[PDB]
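A.B. asks: Before I ask anything, let me first share the structure, which is written out below as structure tokens.
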Amino acid sequence: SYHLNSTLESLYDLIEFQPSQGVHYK
Amino acid sequence: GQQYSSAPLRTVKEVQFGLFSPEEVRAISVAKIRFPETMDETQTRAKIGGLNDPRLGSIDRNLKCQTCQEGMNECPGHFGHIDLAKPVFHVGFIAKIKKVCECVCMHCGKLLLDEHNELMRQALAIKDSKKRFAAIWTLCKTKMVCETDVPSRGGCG
Amino acid sequence: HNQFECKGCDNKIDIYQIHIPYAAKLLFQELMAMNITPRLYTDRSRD
Amino acid sequence: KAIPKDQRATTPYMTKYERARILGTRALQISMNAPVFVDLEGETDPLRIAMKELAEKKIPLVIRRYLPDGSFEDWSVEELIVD
Amino acid sequence: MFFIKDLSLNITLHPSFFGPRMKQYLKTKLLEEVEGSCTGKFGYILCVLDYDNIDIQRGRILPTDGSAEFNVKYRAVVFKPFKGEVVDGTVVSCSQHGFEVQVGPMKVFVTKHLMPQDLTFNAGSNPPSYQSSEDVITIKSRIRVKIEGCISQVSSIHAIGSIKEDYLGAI
Amino acid sequence: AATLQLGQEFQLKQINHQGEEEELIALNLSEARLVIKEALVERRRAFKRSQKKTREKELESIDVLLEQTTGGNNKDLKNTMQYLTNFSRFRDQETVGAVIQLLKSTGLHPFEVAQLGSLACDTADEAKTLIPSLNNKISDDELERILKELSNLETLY
Amino acid sequence: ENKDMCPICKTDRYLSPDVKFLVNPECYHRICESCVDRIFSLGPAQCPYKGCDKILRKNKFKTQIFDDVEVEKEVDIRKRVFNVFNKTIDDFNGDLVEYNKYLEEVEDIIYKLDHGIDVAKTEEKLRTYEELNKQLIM
Amino acid sequence: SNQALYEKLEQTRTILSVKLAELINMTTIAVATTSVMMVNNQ
Amino acid sequence: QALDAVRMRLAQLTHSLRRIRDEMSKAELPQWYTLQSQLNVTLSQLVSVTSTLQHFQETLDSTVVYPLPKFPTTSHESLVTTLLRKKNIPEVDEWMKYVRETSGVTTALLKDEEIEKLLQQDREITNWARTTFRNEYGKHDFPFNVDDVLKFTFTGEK
Ligand SMILES: [Zn+2]
Ligand SMILES: [Zn+2]
Ligand SMILES: [Zn+2]
Ligand SMILES: [Zn+2]
């Protein structure tokens, strides 16, 4: 569980929110 | 110019010739044909159950041939039958049947002579059927008595 | 309605179509009227 | 049962019957809008076009010569020596 | 039942389809005729597995017309009904003789005489529904039908079901 | 009927297109959906390859994307997908492998285990009444156990 | 008996008696094969055995070597109740008095069932069967 | 094409609100860690 | 019986986490729908295992498991100790004790004897909150014929 939490945060640090393009990954 | 059919189209290869069994005749036929009259009593249509009823084929184009429907240019025809109360013989077989009557016993229904006879042993080795029936007929037509005991066998006598 | 039968041998599936002259069909029907069976087979059973 | 290519012992020459049926079937296909493999010199008749394809061996067919024992061979019309 | 069987079909092509890409055309035809249709020998043909490794064998030329004949052997998923087979279905059309259950691509019919006595027909409702002593058989209702007999006509298959026996009726 | 005696093409002995012997393949309404829905995916990849040079909405949408692949002549297969999906409780081929492991452990006929996996029952009498071929070929407690493990394998999707 | 085994087929001895004669546990009536097969084949209905009204169900038949309906019912109910009670208060420690008393109670229950009394105690015995089954499930 | 926005948008609203109430009713009641990640995922 | 499903759900857990490993092993991250889907599968497996685990917590604590003489222990010994190690990883126990230190109630309040009242206040606020959600969810709701004309233009009939 804890390890999965680590991944779940890391991916959320690379989210680009655009209303016309969606979610991007920088 | 005929109507299309969905059946697979193939050529005609092997053709087998055989006798018509009465059970197969009754299984192929559709009508019994009991009235010797041709057309109906009203001098029109067909007798319905007679010599030429709509249960068989038809001509005149306008008629439809009940059991195929379609038309006369398409109707192959249909077969009736006649169930006799007394068995009759066929002309082209009158001789053959007679030969059979000279090749088998008239009571126990067994072949004359036996496989113990040397001439019968020689005649049975022939591969041709007509020659076998011929020679076996020449042997069995002479002996006019079935037998019960033959030295090295059915009964009767 | 695309329907076929053969009377006396319990078939409603395997039906073959052949093109023969009408005179040959008259010969076969006369043989059937003369107690002779002109059975036609599209396959070679003797091989 | 399909004799192999190294055992084909039939005549390599195309007979008049084979040429006849090849020109007839090929001309029948050409009459039914078949892809022509040779450039036309202005012909309109299908038989002349079929003979034009046979003169250059551009007919895409192969003959199944039946042997009397029930076997057969596959001699393509391109490898068959015409005339 | 949903079975998988290797089927073979003879495909006829017009002489105008003799291009180098003709194989594709074959497969095309092999789909358009086989998928969705029905046969009285193998049942309702559903899908056709293995589209890449389709055997073509050798094409033969029949005499007249010049059309090409092919013998194709493939693997296909078909549906074949059977007599006395418990299946499930949903009603579509309703009749006084019985409601017509829909089992896959087959529209089975259930005779009113093959139903229990408590199940009665009701025409005053819209749509007309069969009301019993506990269950109400409507169009959108799911009913488990036990097929009693099946008919295998060429390119047309109809079956007859029943729900009189136990462990049957509405789902 | 339903007495383990099907037709000629539906006999226990089948022959593939290579000439080898193979047993009859009987499928229940669980993997039968994943096989059609499975092969339609690779069929979509085959249609998009040559082009170069909650549970119901996804079902109907995928059936539309696959309906665009076909020539609009096989919608009964999609309605059959809605039938199976509306009557399916299984998912994922791994669990299906477990189900085959539980069906083949008793040593029954493929059609029988197909009717076992395709029907939702709670007691053994239900399986013995809906399946006339199974009434004494296998124990009732084992069937109830199979229905228990299956009951643990089903999940509302 | 050789004169009654089916209301329609009561004398099939001179017709080569090759068919069996099944008996339903909810009727205790003899019916020949060709009749009962049509009975449960057309639907679970009652048999016309001398005007019988009890419904004959599908399948669930039995072969009978004939030991009278009384003893057959007493051995069927005897075995069923013996399986419901199982080995409760029997071979748990080795006592002989309480064991024989419990066996006396069971045989008195089977006696009240084969006699019926007034259709009142037998229902309490059925509730006792449901209670014993509930104890066997736990 | 507006009905897809009706059903889709309304579904997102119901999932947002109802899932929010489920969130607050699950924040208030290894079970603890599974509550951590269920709440975080909500 | 339950572990027969625990091994399958943990198998799907290993397969899902391996698929996420393959998706994250690329240079550029692919689509997010597959990532979030695999994450939802992982969470579904974890919750599915913890549910059955918490359902059978009294049965597993009523038995002991240790290998039989039929075991190659004369060659490998530390492995057998790893297969039956109740001791948690030092990270889960370490951060577990740290969280226990950063929970707002320590052992000093155990000496004061005072926890059930705070729990009662908590449950009461659960009731109040659920009532407020009841109210706040109760506040809102959720010409002619072409063939005839042309027939006139060609024939003139009305
Ligand atoms: Zn006719
Ligand atoms: Zn004699
Ligand atoms: Zn009787
Ligand atoms: Zn009775």
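By order in the structure tokens, chains are A, B, ...; within a chain, residues start at 1; ligands start at 1, following the order shown.
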Step one, run DSSP on the backbone; step two, keep only residues of chain A assigned to helix (DSSP H, G or I); then write them as a VMD selection string.
C.D. replies: chain A and resid 2 to 12
A.B. asks: Neighbouring residues of ligand 3 are defined here as those with any atom at most 12 Å from a ligand atom, counting only C-alpha atoms and all ligand atoms; list them as a PyMOL selection string.
C.D. replies: chain G and resi 4-12+15+17+19-22+29-39+47-49
A.B. asks: Residues at most 10 Å from residue 73 (chain F), counting only C-alpha atoms, excluding those fewer than 6 positions away in the same chain, as a PDB file with C-alpha atoms, in the first residue's frame?
C.D. replies:
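The result, stored in around_6.pdb:
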```pdb
ATOM      1  CA  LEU E  31     -16.833 -12.626 -44.634  1.00  0.00           C
ATOM      2  CA  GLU E  32     -19.823 -11.082 -46.404  1.00  0.00           C
ATOM      3  CA  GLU E  33     -21.483 -14.453 -47.016  1.00  0.00           C
ATOM      4  CA  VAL E  34     -20.514 -16.402 -43.892  1.00  0.00           C
ATOM      5  CA  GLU E  35     -20.744 -13.954 -40.989  1.00  0.00           C
ATOM      6  CA  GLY E  36     -24.358 -13.219 -40.068  1.00  0.00           C
ATOM      7  CA  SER E  37     -25.960 -15.837 -42.324  1.00  0.00           C
TER       8      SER E  37
ATOM      9  CA  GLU F  67     -19.989  -2.483 -36.642  1.00  0.00           C
TER      10      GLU F  67
END
```
A.B. asks: Please identify every polymer residue within 6 Å of ligand 1, using only C-alpha atoms and all ligand atoms, and present the set as a short mmCIF file (atom, residue, chain, number, x, y, z; two decimals) with N, CA and C atoms, in the first residue's frame.
C.D. replies:
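Saved the output as part19.cif:
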```cif
data_model
loop_
_atom_site.label_atom_id
_atom_site.label_comp_id
_atom_site.auth_asym_id
_atom_site.auth_seq_id
_atom_site.Cartn_x
_atom_site.Cartn_y
_atom_site.Cartn_z
N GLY B 57 -47.96 -34.68 -62.33
CA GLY B 57 -47.63 -33.51 -63.12
C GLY B 57 -48.80 -33.06 -63.97
N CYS B 65 -49.73 -27.77 -61.10
CA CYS B 65 -49.21 -29.03 -60.56
C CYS B 65 -49.05 -28.93 -59.05
N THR B 67 -48.32 -30.43 -56.29
CA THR B 67 -47.34 -30.86 -55.30
C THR B 67 -45.92 -30.39 -55.61
N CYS B 68 -45.64 -29.96 -56.85
CA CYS B 68 -44.45 -29.16 -57.12
C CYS B 68 -44.73 -27.66 -57.10
N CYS B 75 -41.91 -28.46 -63.92
CA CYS B 75 -42.31 -29.66 -63.20
C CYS B 75 -41.60 -30.90 -63.73
N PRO B 76 -40.76 -31.56 -62.94
CA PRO B 76 -40.22 -32.85 -63.38
C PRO B 76 -41.29 -33.91 -63.47
N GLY B 77 -42.34 -33.78 -62.68
CA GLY B 77 -43.35 -34.81 -62.55
C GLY B 77 -43.38 -35.38 -61.15
N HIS B 78 -44.42 -36.17 -60.92
CA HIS B 78 -44.63 -36.80 -59.63
C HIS B 78 -45.14 -38.21 -59.89
#
```
A.B. asks: Skipping near chain neighbours, those fewer than 5 positions away, what residues fall within 12 Å of residue 125 (chain F) using only C-alpha atoms, listed as a ChimeraX atom specification?
C.D. replies: /E:166-167 /F:130-132,134-136,139-141,143-144,147 /G:59-60
A.B. asks: Taking the DSSP secondary structure from the backbone, can you list the residues of region 13-125 of chain F that are strand (DSSP E or B), as a PyMOL selection string?
C.D. replies: chain F and resi 13-15+21-23+26-27
A.B. asks: Around ligand 2, out to 9 Å and counting only C-alpha atoms and all ligand atoms, which residues are there? I want them as JSON, numbers by chain.
C.D. replies: {"B": [104, 105, 106, 107, 108, 109, 110, 111, 112, 145, 146, 147, 148, 154, 155, 156, 157]}
A.B. asks: Mind writing the picked residues with N, CA, C and O atoms as an mmCIF file, in the first residue's frame?
C.D. replies:
```
data_model
loop_
_atom_site.group_PDB
_atom_site.id
_atom_site.type_symbol
_atom_site.label_atom_id
_atom_site.label_comp_id
_atom_site.auth_asym_id
_atom_site.auth_seq_id
_atom_site.Cartn_x
_atom_site.Cartn_y
_atom_site.Cartn_z
ATOM 1 N N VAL B 104 -32.900 -73.091 -57.367
ATOM 2 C CA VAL B 104 -33.132 -73.164 -55.932
ATOM 3 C C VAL B 104 -34.240 -74.173 -55.662
ATOM 4 O O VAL B 104 -35.082 -74.448 -56.523
ATOM 5 N N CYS B 105 -34.221 -74.742 -54.457
ATOM 6 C CA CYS B 105 -35.268 -75.664 -54.044
ATOM 7 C C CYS B 105 -36.616 -74.955 -54.002
ATOM 8 O O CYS B 105 -36.702 -73.742 -53.790
ATOM 9 N N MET B 106 -37.681 -75.727 -54.211
ATOM 10 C CA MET B 106 -39.038 -75.199 -54.231
ATOM 11 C C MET B 106 -39.759 -75.374 -52.899
ATOM 12 O O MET B 106 -40.977 -75.184 -52.836
ATOM 13 N N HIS B 107 -39.038 -75.736 -51.839
ATOM 14 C CA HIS B 107 -39.645 -75.895 -50.522
ATOM 15 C C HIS B 107 -38.766 -75.265 -49.450
ATOM 16 O O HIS B 107 -39.110 -74.220 -48.892
ATOM 17 N N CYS B 108 -37.623 -75.892 -49.154
ATOM 18 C CA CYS B 108 -36.701 -75.333 -48.175
ATOM 19 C C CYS B 108 -35.979 -74.096 -48.690
ATOM 20 O O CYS B 108 -35.306 -73.421 -47.901
ATOM 21 N N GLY B 109 -36.098 -73.785 -49.977
ATOM 22 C CA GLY B 109 -35.502 -72.579 -50.521
ATOM 23 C C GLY B 109 -33.993 -72.540 -50.481
ATOM 24 O O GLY B 109 -33.414 -71.465 -50.300
ATOM 25 N N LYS B 110 -33.336 -73.683 -50.646
ATOM 26 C CA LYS B 110 -31.886 -73.761 -50.648
ATOM 27 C C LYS B 110 -31.384 -74.155 -52.031
ATOM 28 O O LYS B 110 -32.100 -74.773 -52.826
ATOM 29 N N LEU B 111 -30.140 -73.777 -52.315
ATOM 30 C CA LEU B 111 -29.553 -74.062 -53.618
ATOM 31 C C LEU B 111 -29.389 -75.563 -53.818
ATOM 32 O O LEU B 111 -29.047 -76.300 -52.888
ATOM 33 N N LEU B 112 -29.640 -76.014 -55.044
ATOM 34 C CA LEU B 112 -29.436 -77.414 -55.376
ATOM 35 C C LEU B 112 -27.947 -77.745 -55.368
ATOM 36 O O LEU B 112 -27.088 -76.863 -55.465
ATOM 37 N N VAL B 145 -33.996 -83.291 -57.472
ATOM 38 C CA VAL B 145 -34.314 -83.717 -56.112
ATOM 39 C C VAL B 145 -33.345 -83.040 -55.153
ATOM 40 O O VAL B 145 -32.130 -83.257 -55.236
ATOM 41 N N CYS B 146 -33.872 -82.213 -54.253
ATOM 42 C CA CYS B 146 -33.097 -81.806 -53.093
ATOM 43 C C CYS B 146 -32.759 -83.044 -52.266
ATOM 44 O O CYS B 146 -33.367 -84.108 -52.417
ATOM 45 N N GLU B 147 -31.762 -82.912 -51.396
ATOM 46 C CA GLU B 147 -31.324 -84.039 -50.587
ATOM 47 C C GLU B 147 -31.052 -83.575 -49.165
ATOM 48 O O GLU B 147 -30.739 -82.408 -48.918
ATOM 49 N N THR B 148 -31.165 -84.519 -48.228
ATOM 50 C CA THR B 148 -30.945 -84.243 -46.814
ATOM 51 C C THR B 148 -29.517 -84.554 -46.376
ATOM 52 O O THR B 148 -28.925 -83.787 -45.609
ATOM 53 N N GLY B 154 -28.399 -79.065 -46.026
ATOM 54 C CA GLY B 154 -29.777 -78.883 -45.622
ATOM 55 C C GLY B 154 -30.613 -80.132 -45.832
ATOM 56 O O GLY B 154 -30.202 -81.106 -46.463
ATOM 57 N N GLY B 155 -31.826 -80.089 -45.286
ATOM 58 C CA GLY B 155 -32.721 -81.227 -45.348
ATOM 59 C C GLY B 155 -33.559 -81.289 -46.609
ATOM 60 O O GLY B 155 -33.039 -81.546 -47.699
ATOM 61 N N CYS B 156 -34.863 -81.063 -46.460
ATOM 62 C CA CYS B 156 -35.840 -81.122 -47.554
ATOM 63 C C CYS B 156 -35.777 -82.507 -48.185
ATOM 64 O O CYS B 156 -36.103 -83.494 -47.500
ATOM 65 N N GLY B 157 -35.378 -82.642 -49.445
ATOM 66 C CA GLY B 157 -35.498 -83.880 -50.174
ATOM 67 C C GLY B 157 -36.655 -83.911 -51.150
ATOM 68 O O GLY B 157 -36.619 -84.698 -52.103
#
```
A.B. asks: May I have the residues within 10 Å of ligand 4, computed using only C-alpha atoms and all ligand atoms, as number ranges by chain?
C.D. replies: G: 23-31, 45-56
A.B. asks: If we count only C-alpha atoms, what is near region 87-104 of chain I at a cut-off of 12 Å, once residues fewer than 5 positions away on the same chain are taken out, given as an NGL selection string?
C.D. replies: (:A and (1-3)) or (:H and (30 or 32-33)) or (:I and (81-82 or 109 or 115 or 118))
A.B. asks: If we count only C-alpha atoms and set the cut-off at 12 Å, which residues sit around residue 21 (chain D), ignoring sequence neighbours fewer than 5 positions away in its own chain? Please answer as a count of residues only.
C.D. replies: 16
A.B. asks: Hey, can you check how far CA of residue 43 (chain F) sits from CA of residue 29 (chain E)?
C.D. replies: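 We find that CA of residue 43 (chain F) and CA of residue 29 (chain E) lie 15.5 Å from each other.
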A.B. asks: Find the residues near residue 23 (chain A): any atom within 12 Å, counting only C-alpha atoms, skip ones fewer than 2 places away on the same chain, and give them as a PyMOL selection string.
C.D. replies: (chain A and resi 11-21+25-26) or (chain I and resi 29-33+36)
A.B. asks: To one decimal place in Å, what is the distance between CA of residue 14 (chain G) and CA of residue 63 (chain G)?
C.D. replies: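 Calculated distance between CA of residue 14 (chain G) and CA of residue 63 (chain G) is 22.5 Å.
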A.B. asks: I'd like the interatomic distance between CA of residue 145 (chain E) and CA of residue 57 (chain F), to a tenth of an Å.
C.D. replies: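 These two atoms are separated by 27.3 Å.
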A.B. asks: Kindly provide the residues of chain E that approach chain C to within 8 Å, each paired with its closest atom pair and their distance in Å to one decimal, based on only C-alpha atoms, listed by chain and increasing number, as a Markdown table.
C.D. replies:
```
| residue | atom | partner | partner_atom | distance |
| --- | --- | --- | --- | --- |
| E:40 | CA | C:13 | CA | 7.3 |
| E:41 | CA | C:13 | CA | 7.5 |
| E:153 | CA | C:12 | CA | 7.4 |
| E:154 | CA | C:13 | CA | 6.8 |
```
A.B. asks: Counting only C-alpha atoms, collect the residues of chain E whose closest atom lies at most 10 Å from chain G, and write them out as a PyMOL selection string.
C.D. replies: chain E and resi 113-116+164-166
A.B. asks: Would you put the residues from that selection into a file with C-alpha atoms, as an mmCIF file, in the first residue's frame?
C.D. replies:
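Listed below is the output, result.cif:
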```
data_model
loop_
_atom_site.group_PDB
_atom_site.id
_atom_site.type_symbol
_atom_site.label_atom_id
_atom_site.label_comp_id
_atom_site.auth_asym_id
_atom_site.auth_seq_id
_atom_site.Cartn_x
_atom_site.Cartn_y
_atom_site.Cartn_z
ATOM 1 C CA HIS E 113 -50.396 -25.346 -24.019
ATOM 2 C CA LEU E 114 -46.745 -25.841 -22.985
ATOM 3 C CA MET E 115 -47.273 -23.392 -20.088
ATOM 4 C CA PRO E 116 -48.552 -23.991 -16.544
ATOM 5 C CA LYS E 164 -44.032 -25.771 -17.714
ATOM 6 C CA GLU E 165 -41.422 -27.842 -15.866
ATOM 7 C CA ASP E 166 -39.846 -26.789 -12.582
#
```
